[PDB]
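Positions are given from 1, in the same order as the sequence printed here. Values below: every heavy atom of this structure, side chains too, minus hydrogens, waters and symmetry copies.
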Amino acid sequence: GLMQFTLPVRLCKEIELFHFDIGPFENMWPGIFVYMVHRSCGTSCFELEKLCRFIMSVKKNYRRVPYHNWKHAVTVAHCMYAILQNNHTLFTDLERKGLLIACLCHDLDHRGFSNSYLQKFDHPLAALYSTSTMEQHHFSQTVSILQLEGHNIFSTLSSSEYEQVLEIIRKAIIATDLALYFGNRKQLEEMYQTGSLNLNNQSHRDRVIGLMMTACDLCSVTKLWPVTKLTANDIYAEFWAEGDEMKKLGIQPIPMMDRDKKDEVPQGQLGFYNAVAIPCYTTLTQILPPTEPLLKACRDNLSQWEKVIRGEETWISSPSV
Ligand SMILES: Cn1cc(CNc2cc(OC[C@H]3C[C@@H]3c3ccccn3)nc3ccnn23)cn1
Ligand SMILES: [Mg+2]
Ligand SMILES: [Zn+2]
């Protein structure tokens, strides 16, 4: 069915924008990924049959959790697409191929639990992966799908190329562990301000790709306010379900995972934008100046959350609950 799809003409110009919301086009999501791949590395970068099998099996391996689901994978892949389009010659053909695939696969088989939850409650995944637990699992799941019959989209590559893509993918998925972001951004800020940042330097390149992954992972803060607000509802529905699990086990969750502490969400979002999102997009803009619309949109949403705290603004936009 995916092989048969044709993209509506109105979306041609829309899909190119950073603030584009995929939300209203659920039936078109696999096709939108195909179109993005074709615009990023050409119609003859992957065999259509293999790509469509890959996409559909990835979709199947995303659980029906409130936030880390199929919609999130495609949202993240679209932000990466827009980043790559606006800085096309900075990245190699191999990087473009790997990063779009890494974004689509970055939360594969997510169970709706944080790494701290899995580590604290001795889940088998935490026994197997000591650090970046879920992220190591997401990469493993990606490899398994590639290893399926008719799914190896990277078969036509040389081994120095295949091992190279699988490493670009591995590093990119691990980088989505938010615990790793803080040190990565601090490092890049230092390299930029001292003028030592060199994109020809592989260590430096891996760090920039890392920041790109964080920037894509949190891109809901870069959408129009009604979209940002609606995604925040999904993010907290997932945090609150994990908090509910801790409460059944007699443990008090931190306020961000406590549904009885909803009033702390606007202050919680202000803190997150100030300590996480704003520095992320600020650093990204400095390194890749065409990414400035993400920083601009993030600042607008920071102002909206400031208005919510001040009582100047109010979930879902509906006359009835
Ligand atoms: C579900 N999930 C999402 C992610 C990462 N992405 C993410 C997390 C996040 O955490 C906000 C809570 C820390 C704030 C808080 C502190 C105290 C009280 C209330 N809130 N906010 C946002 C906005 C856009 N993306 N995003 C990781 N698992
Ligand atoms: Mg993740
Ligand atoms: Zn994610």
Side-chain angles (χ1 to χ4, degrees), residues 1-2 4-20 22 25 27-48 50-59 70 73-106 108 142-143 145-148 150-173 199-200 202 205-206 208-209 212-213 215-216 219 288-291 293-294:
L2 179 39
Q4 304 153 181
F5 180 81
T6 203
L7 189 115
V9 192
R10 202 229 306 138
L11 309 185
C12 291
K13 275 187 97 176
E14 282 189 25
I15 298 187
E16 297 309 302
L17 308 173
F18 282 105
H19 68 274
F20 178 72
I22 66 138
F25 314 103
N27 75 300
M28 296 183 200
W29 297 342
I32 283 165
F33 187 71
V34 173
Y35 171 86
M36 293 189 299
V37 161
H38 290 170
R39 301 291 292 179
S40 219
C41 27
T43 49
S44 305
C45 74
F46 298 124
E47 180 191 312
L48 190 63
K50 279 182 164 286
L51 186 60
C52 298
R53 280 203 181 90
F54 184 74
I55 296 166
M56 296 317 283
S57 288
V58 163
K59 176 189 189 298
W70 176 235
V74 184
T75 295
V76 172
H78 165 268
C79 187
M80 182 55 82
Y81 167 72
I83 291 179
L84 295 169
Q85 288 284 82
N86 283 275
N87 303 271
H88 193 272
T89 55
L90 282 166
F91 308 92
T92 71
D93 176 81
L94 229 60
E95 284 169 343
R96 281 187 294 266
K97 279 191 184 185
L99 294 186
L100 286 177
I101 296 309
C103 284
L104 197 75
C105 298
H106 86 285
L108 261 175
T142 307
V143 169
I145 293 168
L146 277 173
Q147 280 179 4
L148 298 170
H151 290 69
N152 216 309
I153 52 152
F154 299 119
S155 59
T156 62
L157 291 176
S158 62
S159 280
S160 95
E161 273 177 351
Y162 183 86
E163 64 180 37
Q164 247 180 92
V165 300
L166 248 67
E167 268 300 295
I168 281 158
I169 294 169
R170 189 193 67 77
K171 289 168 183 178
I173 295 183
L199 272 292
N200 302 147
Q202 197 55 55
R205 202 164 178 87
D206 293 347
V208 172
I209 287 173
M212 282 161 59
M213 291 301 288
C216 296
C219 73
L288 311 171
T291 68
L294 292 173

Among all residues two or more places apart in sequence or in another chain, which pass the side chain to side chain contact (heavy atoms under 4.5 Å, CB included) test with [X]?
X    : answer
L94  : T92, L157, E161, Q164, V165
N87  : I83, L90, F91, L288, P290, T291
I168 : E95, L99
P293 : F18

I need the [X] [atom1] to [Y] [atom2] distance, nearest 0.5 Å.
X    : Y    : atom1 : atom2 : answer
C219 : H19  : SG    : NE2   : 12.5 Å
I15  : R10  : CD1   : CZ    : 9.5 Å
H78  : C216 : NE2   : SG    : 10.0 Å
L48  : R53  : CG    : CZ    : 10.5 Å
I101 : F54  : CD1   : CZ    : 5.0 Å
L7   : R39  : CG    : CZ    : 9.5 Å

Salt bridge (charged side-chain N to carboxylate O under 4.0 Å, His left out) partners of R170, counting only residues at least two apart: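 Only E167 meet the salt bridge (charged side-chain N to carboxylate O under 4.0 Å, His left out) criterion with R170.
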
Grab the two heavy atoms, one from [X] and one from [Y], that are nearest each other, plus how far apart they are.
X    : Y    : answer
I55  : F33  : CD1-CD2, 3.5 Å
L11  : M28  : CD1-SD, 4.0 Å
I169 : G98  : CG1-O, 3.4 Å
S40  : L100 : CB-CD1, 3.7 Å
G31  : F5   : CA-CD2, 3.5 Å
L51  : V37  : CD2-CG1, 4.0 Å

Can you tell if the side chain of [X] reaches within under 4.5 Å of the side chain of [Y], non-hydrogen atoms only?
X    : Y    : answer
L104 : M80  : no
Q202 : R205 : yes
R96  : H88  : yes

Partner residues of [X] under the side chain to side chain donor-acceptor pair (under 3.5 Å) criterion, sequence neighbours left out:
X    : value
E14  : none
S57  : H151
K171 : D206
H106 : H72, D217

Who passes ring pair (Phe, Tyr, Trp, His ring centres under 6.0 Å) against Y162, sequence neighbours left out?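 Scan of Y162 (ring pair (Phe, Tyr, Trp, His ring centres under 6.0 Å), adjacent residues dropped) gives none.
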
Quick one: sort the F46 and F154 rings into parallel, tilted or perpendicular, breaks at 30° and 60°.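 Ring orientation, 0 to 90° scale: perpendicular.
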
Does any N or O in the side chain of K50 come within less than 3.5 Å of the main-chain N or O of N152, such that one atom is a donor and the other an acceptor?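 A pair under 3.5 Å: yes.
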
Residue pairs passing the salt bridge (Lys or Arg N to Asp or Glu O under 4.0 Å) test where at least one lies in residues 74-93, sequence neighbours excluded: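 Applying salt bridge (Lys or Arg N to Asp or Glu O under 4.0 Å) to every pair that reaches into residues 74-93, excluding sequence neighbours, yields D93-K97.
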
Side chain to side chain contact (heavy atoms under 4.5 Å, CB included) between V76 and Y81: does it pass, once the steps are laid out? CA-CA 9 Å; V76 172; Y81 167 72; over 6 Å; no

From CA spacing to verdict: side chain to side chain contact (heavy atoms under 4.5 Å, CB included), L108, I173: CA-CA 10 Å; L108 261 175; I173 295 183; over 6 Å; no

